[PDB]
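Colleague: Following this message is one structure expressed as structure tokens.
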Ligand SMILES: *[C@@H]1O[C@H](CO)[C@@H](O)[C@H](O)[C@H]1NC(C)=O
């Protein structure tokens, strides 16, 4: 049993920049002959992990020449000469040879772009959903960068954390932006018991979160 | 399993000489300060033993006849020798005895093992702890019908490579006595460049294997090497270390076992090797004084067995009886007494001129080599359905009412179309 | 070209067993090792074990030791995986690798299989339209959304106008909560499109063969 | 065993070798099914004239006579003092006595002599010792080595 740690969790790099991903191991993996035992895996969106480098010093066949690794001891680093748009994914480190194989924590990569504030849009539950007995307040946060973002719900001025789910989209192929939505699960009685509903979008680019609200009686 | 090695190359069975190897304790009886004479399957001194070695483009794993027994001797540094495979066909067709040292303990099993082209054991990807513990089991694919199993004490086997001369010497004896297998072991350090050291050693029992199977061939297992850096095709791209092992043959010879004060054997004499050794065996002493002594008696063995029996002429007309113009009725069967002549049964039994032939009590072949006291012939003709009634302890219209054969009838029945 | 094929997804109740197959194509199963992996959204990748079809020896992660067994079929050139005494924690995506040739320099991965361990059964999705809220909120462009909740199992695809409208369309991956999946979609259009022009969201659930069209 | 082995007109589970190409050796079990050739004509592995199938079935029957009824036969073979004792009869053992003339029965070896601590060192596998005359010299106690 060997424990492996990775840092940083994620890092941005503009097209043509150099990306550095480091891995740490709790035990030495180098041996007498001098070679290193490790593999690098990259899992692109909608695709399974694929090998990039083996032995840290030799590139896997068919891989672009930009991918290359270096290091010694238990601390290594993966260097990419020129990062392209096809490098999106999660980087992993692998321990081979004859031993319970270990995996890394993962390292995500993204393309740098100008900061953009989120577009906050909030919609009330449909009449059909209320007839069915359920309710769900939906808030849309789109066209924001970086991915770091948060949403706060408030019912009649009171915060409610239960029933909140968020999902982050993959990097856009055209705008290179990120989109997220916040869904607040509420029963029919709970939804009809309150009128004012607010969705606050907290983003780094703006000190004051963008706030959108609606009234149940007005919808 | 069946993948052949890439670098393996066949070599002729070169031979080498041994000084005094082949000496072992016949049994558990203890003796000291005495010279004991015993006869058993032994490897003759100054005999020829196969010269085999294992390297990265010649890998030796041949099949050698077992006969009544064989002798083993090998010089090792990293203990490349893994074990052996014993059996008649070395396949699931019959039971095969196997001994494997897989870095934890000596394992002996007797089952129906599936034959492999190059059976062996090895290890892979050691990195920063040598380990060298069994990784793959290519010895056989499957086993069934296991009648015996044994386990020895645990131990760690050092397969790490070493430089310099050969620091280890292992010699085993394998033999079969009425199905009872006996294994003898010896382990001593040596400093050898090539071939074998010049000296004497005594082998001691290792395990008792009252299995009881016929073994006519055996194989020698070897341990290969693997690494993260230089692998190969599965499993043809694997290589083994440098080692040399030799295989001998045991013959029923008589040795003079010289026992010291502690009972260990310090010297041995092979009677059939040297006429001086013959004199020692006759005198039952390890020292021969100057003079002339009588050891045995020479004799010339016969070239071949020559048999000159008298003429077998004057044969009684058995052919006339079988081919007579007429035969008596079944109820009136004639009783013919035959004597004062010779009988040639080769032309009768082996001519295949009759539809059916059978004998009761004595096989037809044995009757040709026997001398009788009285011989009688009963000739009769019966229907086809009634032929089955001609036998001891039968009943029916013929067996009971016409002609009955006693239950102790030692004669034969002859019939044809 | 080497390719590894596995089942798209599997569903089993707690305490049952699931058998997975990893087909081998373009390479010899006997002469190359096989590996297995478990992936979770929070824990990333988790190693499971390895097997050699020629030998058959298997080593398992101390986490899963005694929890599963690995087998391979030489004639069919397919590697089989079996999991027993399944529970909720076993929900994850499984992958297989091989073609090592006793060397780390070559390995490949398949598309993987999504295995969910829960007592829930197939549930058709409930699609509802999401219209704009209070009129106090106005902008030069209007935003629309489609709500999908209470469906199982994944995947479920949501699009707009049968995929004919790709402008300002964002697809949000589903989120698992209380053994249920929930996803939403949003489309941004100018004020000259809605409500002047109809906007529809299409939701497809291949597992339940459910297709719903809702106009906003 | 007529009450058990006999079954109706015969029992095929019990068979015997009627013919063999030569004389059998002691403690030799031959299960070969090769056809016994009596004449000069090859049998071609099939039955025929001067060709008989060595394996045959008994005529065991419940009504057979004393001589024809089946009798189960068991033969016990053993080696005495030729190896370490693995079996022994239900004979109670007593305490050991030293420096006295006593009648000793060790591992099936019976004799009279004086038992004393021995200065000779036996090997781990060696159990029975012998003198120059080959008579009994020393032995190892089976219970406490
Ligand atoms: C060695 O052989 C024994 C025989 O049963 C087996 O149980 C064991 O797993 C093998 N390997 C080791 C390391 O003992």
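We number each residue from 1, going along the chain as drawn.
Quick check of the header: electron microscopy, 4.5 Å.
For all residues, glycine too, the Cβ spot is worked out from N, Cα and C.
Swiss-Prot lists these features:
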type: REGION; residues: D:11-19; note: region 'Immunodominant HLA epitope recognized by the CD8+'
type: REGION; residues: D:18-53; note: region 'Disordered'
type: DISULFID; residues: D:43-D:51; note: disulfide bond
type: REGION; residues: D:82-104; note: region 'Disordered'
Colleague: Taking 10 A as the limit, how many CB atoms besides its own sit near the CB of residue D:43 (disulfide bond)?
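Modeller: I get 18 for this one.
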Colleague: Under 8 Å Cβ-Cβ from residue D:51 (disulfide bond), six or more apart in the same chain: what's there?
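Modeller: For residue D:51 (disulfide bond), the qualifying residues are D:35, D:36, D:37, D:38, D:39, D:41, D:43.
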Colleague: If H, G and I count as helix, E and B as strand, and all else as coil, what does DSSP give for residue D:51 (disulfide bond)?
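Modeller: Where residue D:51 (disulfide bond) sits, the three-state DSSP reduction gives strand.
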Colleague: DSSP on residue D:43 (disulfide bond), three-state: which is it?
Modeller: coil
Colleague: Quick one: DSSP breakdown of the region 'Disordered' (D:82-104) into helix, strand and coil?
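Modeller: Tallied per class, the region 'Disordered' (D:82-104) gives 0 helix, 4 strand, 19 coil.
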Colleague: Work out, from DSSP, the number of helix, strand and coil residues along the region 'Immunodominant HLA epitope recognized by the CD8+' (D:11-19).
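Modeller: Looking at the region 'Immunodominant HLA epitope recognized by the CD8+' (D:11-19) with DSSP, the answer is 0 helix, 3 strand, 6 coil.
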